[PDB]
Amino acid sequence: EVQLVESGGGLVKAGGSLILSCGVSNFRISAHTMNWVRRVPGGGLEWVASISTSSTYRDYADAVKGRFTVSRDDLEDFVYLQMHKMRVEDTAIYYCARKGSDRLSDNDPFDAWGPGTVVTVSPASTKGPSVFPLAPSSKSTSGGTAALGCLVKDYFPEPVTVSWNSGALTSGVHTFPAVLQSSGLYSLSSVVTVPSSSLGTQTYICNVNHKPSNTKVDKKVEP
Amino acid sequence: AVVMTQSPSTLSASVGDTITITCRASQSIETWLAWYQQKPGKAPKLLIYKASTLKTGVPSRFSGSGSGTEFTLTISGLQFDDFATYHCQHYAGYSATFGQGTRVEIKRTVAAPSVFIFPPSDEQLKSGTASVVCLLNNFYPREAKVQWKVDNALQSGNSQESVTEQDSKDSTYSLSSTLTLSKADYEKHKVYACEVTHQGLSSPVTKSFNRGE
Ligand SMILES: CO[C@H]1O[C@H]([C@H](C)O)[C@@H](O)[C@H](O)[C@@H]1O
Ligand SMILES: [Cl-]
Ligand SMILES: [Cl-]
Ligand SMILES: [Cl-]
Ligand SMILES: [Cl-]
Ligand SMILES: [Cl-]
Ligand SMILES: [Cl-]
Ligand SMILES: [Cl-]
Ligand SMILES: [Cl-]
Ligand SMILES: [Cl-]
Ligand SMILES: [Cl-]
Ligand SMILES: [Cl-]
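Chains A and B, in that order, give the protein sequences.
The first sequence begins at 140 in the numbering used here and counts up one residue at a time.
The second sequence begins at 998 in the numbering used here and counts up one residue at a time.
Right under this line is the structure:
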């Protein structure tokens, strides 16, 4: 009859944050100390955090202290777990659990548990971009002008910086705002227009810098 | 149930101009109206509250007026710092409602986009993905429509757009549209077309290529 249900979950890159919530049915949380527990991939359970009635005492596993926060909402019956600076070892199924028994005492077991929500922390906090040419052709000519560029794909987090020819080429450069792809990674293109007559008279190199991953890529764009 | 209506939604002007932005309420709101300034990627900043009271730190070239159902933000002597979006807001004890925003930009003449298309690189293709890029360059005003057609079948759900901030030298915008296909899907079709509609184009302009040619 009593039920709990966790919401939030899924994939987080190392160093990231994720917030979980717990809602309930057929009881009021106000009477109960509420807990978060997790089941790690090796199969064992780990107590994560406890929050007492009226929030007077909040307690945390050593492994998460200073990174996790538990809160409660007694009027609408929710418990929250904020998780920050997440680590691979945080990867687990997370359950909210009530401390309780048929008759309440000063120290009861966990009598009711949610079904769990899976939280996965990927080890890579950063990912350097892949850089592809946007090659000039008759299809990227308009009037006496040619366009060329670099597609800077699949990096995380922002930002990347893009120069052209080590900073010697700045006129006619547009570096677009990044877009978040459904993959969770960023992409942008940097383009430059030049006279069609300058093609073949020099090289064009985009210099891509991704500070967060300490990745630098130079890409030559021809013809 | 209070609805706020802001006009115009885009306002194009020059440095030194005096401009007026209007916000009207669907029912009387006394003087319970605020104005915020917002720059791209930043938080809104409160400028004026109770219709006419400037927040500390706000230069006197901003002024708010009005009461009841009609309110005005006036900026007297536009500076570069003032090009931004302005939002009006009715605020009550337990709710608020905003106007739709007014984006204040630099005025210039209509300029058609120059359109450019880029097939995926052979390098990218090897790794299983095809990004097809259409560039709309140096156009004004910012409103523009791009449609992708693959063997004349209109595409939906598989492209993303990005637009630049207004250019500091020629006051134009540029836009990229990127079509992303699996290599498998890409190799199923021949003609890839970017069709562009813009006020400066008498009829829409299509740039296309044939895969592999
Ligand atoms: C107030 O009683 C609550 O808190 C108790 C302790 C103090 O956590 C616990 O044993 C009870 O089951 C209940 O959750
Ligand atoms: Cl797991
Ligand atoms: Cl029991
Ligand atoms: Cl149980
Ligand atoms: Cl992983
Ligand atoms: Cl320049
Ligand atoms: Cl770097
Ligand atoms: Cl300030
Ligand atoms: Cl803006
Ligand atoms: Cl064109
Ligand atoms: Cl151009
Ligand atoms: Cl994209």
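Quick reminder that beta carbons are idealized off the backbone N, C-alpha and C, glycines included.
Find the residues of chain A that neighbour residue i, judging by a C-beta separation of less than 8 Å, and give them in chain order.
i       : result
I1114/B : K278, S279
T1161/B : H313, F315, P316
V1130/B : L273, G288, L290, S328
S1156/B : Neighbours of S1156/B on chain A: none; closest Cβ ~10 Å, over 8 Å.
Measure the Cβ-Cβ separation of residue i and residue j and say whether it is below 8 Å.
i             : j       : result
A274/A        : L287/A  : yes
residue 388/A : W186/A  : Because residue 388/A is not part of the residues shown, which for chain A are 140 to 362, the question remains open.
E145/A        : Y199/A  : no
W1032/B       : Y1088/B : no
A1141/B       : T1099/B : no
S328/A        : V1130/B : yes
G1013/B       : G1090/B : no
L150/A        : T259/A  : yes
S335/A        : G283/A  : yes
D293/A        : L324/A  : yes
Between the Cα of residue i and the Cα atoms of the options, which residue gives the shortest distance?
i       : options                            : result
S264/A  : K278/A, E140/A, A236/A, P351/A     : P351/A
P272/A  : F1136/B, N1135/B, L1122/B          : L1122/B
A1010/B : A1108/B, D1079/B, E1192/B          : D1079/B
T280/A  : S1205/B, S1153/B, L1051/B          : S1205/B
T1106/B : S1168/B, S1124/B, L1151/B, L1133/B : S1168/B
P1110/B : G1197/B, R1208/B, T1015/B          : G1197/B
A236/A  : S160/A, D245/A, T195/A, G205/A     : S160/A
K278/A  : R1208/B, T1066/B, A1181/B, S1049/B : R1208/B
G1125/B : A1181/B, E1162/B, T1050/B          : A1181/B
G1054/B : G1065/B, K1042/B, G1063/B, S1062/B : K1042/B
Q320/A  : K355/A, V227/A, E297/A             : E297/A
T1015/B : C1191/B, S1199/B, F1059/B, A1150/B : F1059/B
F166/A  : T354/A, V270/A, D213/A             : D213/A
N246/A  : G154/A, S189/A, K224/A, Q341/A     : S189/A
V270/A  : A170/A, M225/A, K358/A, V333/A     : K358/A
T1017/B : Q1003/B, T1050/B, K1187/B          : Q1003/B
Mind pulling the chain B residues with CB within less than 7 Å of residue i?
i      : result
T332/A : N1134
For a contact defined as C-beta to C-beta under 9 Å, what are the partners of residue i on chain A?
i       : result
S1062/B : Result: empty, since nearest Cβ-Cβ is about 36 Å, beyond 9 Å.
Residue i versus chain B: which residues are under 9 Å apart at the beta carbon?
i      : result
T208/A : Neighbours of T208/A on chain B: none; closest Cβ ~23 Å, over 9 Å.
Closer than 7 Å by beta-carbon distance: list the chain A residues that pair up with residue i, in chain order.
i       : result
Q1121/B : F271
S1173/B : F315, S328
Going along chain B in order, which residues have a C-beta closer than 8 Å to the C-beta of residue i?
i      : result
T284/A : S1111
Using a beta-carbon distance cut-off of less than 9 Å, what residues from the stretch 334-347 of chain A approach chain B? Listed in chain order, the positions of the stretch 334-347 of chain A with a beta carbon within less than 9 Å of a beta carbon of chain B would be empty, since no residue qualifies.
Give me the subset of the stretch 168-200 of chain A whose CB atoms are less than 8 Å from a CB atom of chain B, sorted by chain position. Residues are counted here when their Cβ sits less than 8 Å from a Cβ of chain B; for the stretch 168-200 of chain A the count is zero.
In chain order, what residues of the stretch 1093-1118 of chain B put their CB closer than 7 Å to some CB of chain A? Of all residues in the stretch 1093-1118 of chain B, only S1111, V1112, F1113, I1114, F1115, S1118 come within less than 7 Å of chain A when Cβ atoms are compared, listed by chain position.
If you measure beta-carbon to beta-carbon, which residues of the stretch 1185-1206 of chain B are closer than 8 Å to chain A? Of all residues in the stretch 1185-1206 of chain B, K1204, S1205, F1206 have a Cβ within less than 8 Å of some Cβ in chain A.
Using Cβ-Cβ distances below 9 Å, what residues of the stretch 249-269 of chain A are close to chain B? Listed by position, the residues of the stretch 249-269 of chain A near chain B (Cβ gap below 9 Å) are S269.
Cβ pair count under 8 Å reaching 3, the stretch 1157-1167 of chain B against the stretch 1110-1119 of chain B: Too few Cβ pairs lie closer than 8 Å, so no.
For the pair the stretch 328-338 of chain A and the stretch 311-319 of chain A, tell me if three or more CB-CB distances fall below 8 Å. Under the three-pair Cβ rule at 8 Å, the stretch 328-338 of chain A counts as touching the stretch 311-319 of chain A.
Are three or more beta carbon pairs between the stretch 214-227 of chain A and the stretch 157-174 of chain A nearer than 8 Å? These segments touch.
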